[PDB]
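Asker: The structure follows.
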Amino acid sequence: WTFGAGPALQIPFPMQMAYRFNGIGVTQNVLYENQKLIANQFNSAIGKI
Amino acid sequence: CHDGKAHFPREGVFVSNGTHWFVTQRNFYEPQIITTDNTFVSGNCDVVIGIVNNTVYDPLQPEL
Ligand SMILES: *[C@@H]1O[C@H](CO)[C@@H](O)[C@H](O)[C@H]1NC(C)=O
Ligand SMILES: *[C@@H]1O[C@H](CO)[C@@H](O)[C@H](O)[C@H]1NC(C)=O
Ligand SMILES: *[C@@H]1O[C@H](CO)[C@@H](O)[C@H](O)[C@H]1NC(C)=O
């Protein structure tokens with residue numbers, strides 16, 4: 001989201017998600033422990049579009 | 001990673017200057033030593049992908 005309010009700042013995607021999880025009140029460790037599950041659910045949801 | 005445990009930052013991110021690791025806020029570079037007072041523990045050192053080895057400072061031991 002940084003490029004929408006200044007210069008673009010590179011970040012690892014998994015860390016980008018970690019920020020977005022904290023933003024909804026879910027501790028970031030949830031993402032890392034379940035990174036594979038989350039990526040898989042995402043891939044399925046997009047495929048069904 | 002420290003002592004087999006996974007330590008995450010309470011706020012900010014972990015960054016390396018090439019030789020040492022620090023924790024800093026996201027919107028302004030201002031590095032500080034990684035300690036037990038700015039991290040939290042959750043899960044072991046084997047569950048996180050991309051986890052690295054370091055030592056987390058404990059501010060209570062120097063007085064014991
Ligand atoms: C990283 O910071 C430490 C502490 O200031 C310093 O001793 C070290 O030389 C720095 N490393 C590099 C590559 O600048
Ligand atoms: C980062 O990406 C490279 C490929 O450019 C890969 O070899 C490496 O294992 C990846 N590291 C992590 C932690 O994903
Ligand atoms: C950390 O060090 C241990 C040995 O104490 C090693 O088995 C482990 O693979 C290392 N982990 C990383 C991320 O370097």
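Numbering starts fresh at 1 for the residues of each chain in the structure tokens, the chains themselves are lettered A, B, ... in the order given, and ligands are numbered from 1 as they appear.
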Pull out every residue of chain A that has at least one atom within 12 Å of chain B, counting only C-alpha atoms, and report them as a PyMOL selection string.

Answerer: chain A and resi 2+5-7+9+11-12+14-16+18-19+22+27-36

Asker: Could you tell me, as an MDAnalysis selection string, which residues of chain B DSSP assigns to strand (DSSP E) when given the backbone?

Answerer: chainID B and resid 5:9 13:16 21:24 32:33 39:44

Asker: Write the residues of the selection above to a file with N, CA and C atoms, as a short mmCIF file (atom, residue, chain, number, x, y, z; two decimals), in the first residue's frame.

Answerer:
data_model
loop_
_atom_site.label_atom_id
_atom_site.label_comp_id
_atom_site.auth_asym_id
_atom_site.auth_seq_id
_atom_site.Cartn_x
_atom_site.Cartn_y
_atom_site.Cartn_z
N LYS B 5 13.06 -21.48 19.92
CA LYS B 5 11.76 -20.82 19.89
C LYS B 5 11.67 -19.75 18.80
N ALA B 6 10.46 -19.51 18.29
CA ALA B 6 10.25 -18.47 17.29
C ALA B 6 9.82 -17.15 17.92
N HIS B 7 10.63 -16.12 17.74
CA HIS B 7 10.33 -14.80 18.28
C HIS B 7 9.87 -13.84 17.18
N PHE B 8 8.72 -13.22 17.39
CA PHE B 8 8.16 -12.26 16.44
C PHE B 8 8.18 -10.87 17.08
N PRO B 9 8.32 -9.80 16.30
CA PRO B 9 8.31 -8.43 16.75
C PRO B 9 6.92 -8.04 17.21
N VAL B 13 9.61 -4.24 12.09
CA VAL B 13 10.16 -5.37 11.36
C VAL B 13 11.60 -5.64 11.77
N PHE B 14 12.08 -6.85 11.49
CA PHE B 14 13.48 -7.17 11.70
C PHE B 14 14.29 -6.81 10.47
N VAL B 15 15.40 -6.12 10.67
CA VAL B 15 16.27 -5.73 9.57
C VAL B 15 17.73 -6.01 9.89
N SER B 16 18.50 -6.30 8.85
CA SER B 16 19.93 -6.50 8.98
C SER B 16 20.73 -5.47 8.20
N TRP B 21 21.43 -7.80 13.47
CA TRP B 21 19.98 -7.68 13.33
C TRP B 21 19.40 -6.69 14.33
N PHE B 22 18.46 -5.88 13.85
CA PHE B 22 17.77 -4.89 14.67
C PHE B 22 16.27 -4.92 14.41
N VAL B 23 15.50 -4.34 15.32
CA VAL B 23 14.07 -4.18 15.10
C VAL B 23 13.74 -2.70 14.99
N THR B 24 12.98 -2.35 13.96
CA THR B 24 12.67 -0.95 13.71
C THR B 24 11.22 -0.76 13.28
N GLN B 32 16.73 -0.54 16.86
CA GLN B 32 17.07 -0.84 18.25
C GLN B 32 17.38 -2.32 18.42
N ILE B 33 18.11 -2.64 19.48
CA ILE B 33 18.49 -4.01 19.79
C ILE B 33 17.26 -4.87 20.01
N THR B 39 9.66 -8.26 21.54
CA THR B 39 9.24 -9.44 20.79
C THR B 39 8.28 -10.28 21.63
N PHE B 40 7.63 -11.23 20.98
CA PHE B 40 6.79 -12.20 21.67
C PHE B 40 7.05 -13.58 21.10
N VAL B 41 6.80 -14.61 21.90
CA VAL B 41 7.11 -15.95 21.45
C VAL B 41 5.85 -16.73 21.10
N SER B 42 5.90 -17.41 19.95
CA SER B 42 4.77 -18.23 19.55
C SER B 42 5.20 -19.34 18.59
N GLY B 43 5.14 -20.58 19.06
CA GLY B 43 5.55 -21.72 18.26
C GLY B 43 7.05 -21.92 18.33
N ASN B 44 7.53 -23.00 17.72
CA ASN B 44 8.95 -23.31 17.76
C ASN B 44 9.68 -22.78 16.52
#

Asker: Residues at most 8 Å from ligand 3, using only C-alpha atoms and all ligand atoms? Could they come as a PyMOL selection string?

Answerer: chain B and resi 1+3-4+45+50-53

Asker: Enumerate residues in contact with ligand 1: an atom-to-atom distance of at most 7 Å, counting only C-alpha atoms and all ligand atoms. Format the result as a VMD selection string.

Answerer: chain B and resid 17 to 20

Asker: Atom CA of residue A:41 and atom 9 (O, counted along the ligand's line) of ligand 2 are how many Å apart?

Answerer: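 Going from atom CA of residue A:41 over to atom 9 (O, counted along the ligand's line) of ligand 2, I get 22.1 Å.
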
Asker: By how many Å are atom CA of residue B:55 and atom CA of residue B:34 apart?

Answerer: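 Between atom CA of residue B:55 and atom CA of residue B:34 the gap works out to 8.2 Å.
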
Asker: I'd like to know which residues of chain A are helix (DSSP H, G or I) (by DSSP, run on the backbone); could you write them as a ChimeraX atom specification?

Answerer: /A:2-5,13-22,29-33,35-47
